[PDB]
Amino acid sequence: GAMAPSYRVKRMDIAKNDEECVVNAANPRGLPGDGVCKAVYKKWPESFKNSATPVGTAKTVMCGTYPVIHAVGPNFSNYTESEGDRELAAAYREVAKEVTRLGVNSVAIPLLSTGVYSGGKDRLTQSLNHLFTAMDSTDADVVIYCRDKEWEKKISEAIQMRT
């Protein structure tokens, strides 16, 4: 565990993280994909051996000794708001189980289903609150990665409001 488990946010490429493991915003087929998934594929391509897993689940594959947790959020183009909400919550619960199982002291996480799986909606608050519901019972240091300046401010505000 971390001595004083924390949440932080950084605005940069998650492929340059300073944590003990990474969560990939994966597709269900273990394909190189786009966005976070493509950056992860370029940095840790070995982690895509048998990484395919269903929506709402997480599957960890080692790149050397560095764990890549492939977490599959729903594509809100295909799911109803109700069913997508359930699968997005479930993917984060599976991330918390994997982080715990691995015994890491820190984890780099993106906001699942906020990019090309968002169905064209702003899901910062929805995705971040499912992240908190899952990760709050873990004692890893959690570092949330984003790319947008306004999202960085809103994520930082949400972290600070609870402290």
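Residues carry their position along the shown sequence, with the first being 1.
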property	result
Greater mean Cα temperature factor according to the PDB record, 116 to 124 or 129 to 137	116 to 124
Between 34 to 42 and 102 to 110 (mean CA B-factor, as deposited), the higher	34 to 42
Third assignment of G73 from its chain's C-alpha B-factors	lowest
Among modelled residues of the same chain, the CA temperature factor third for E152	highest
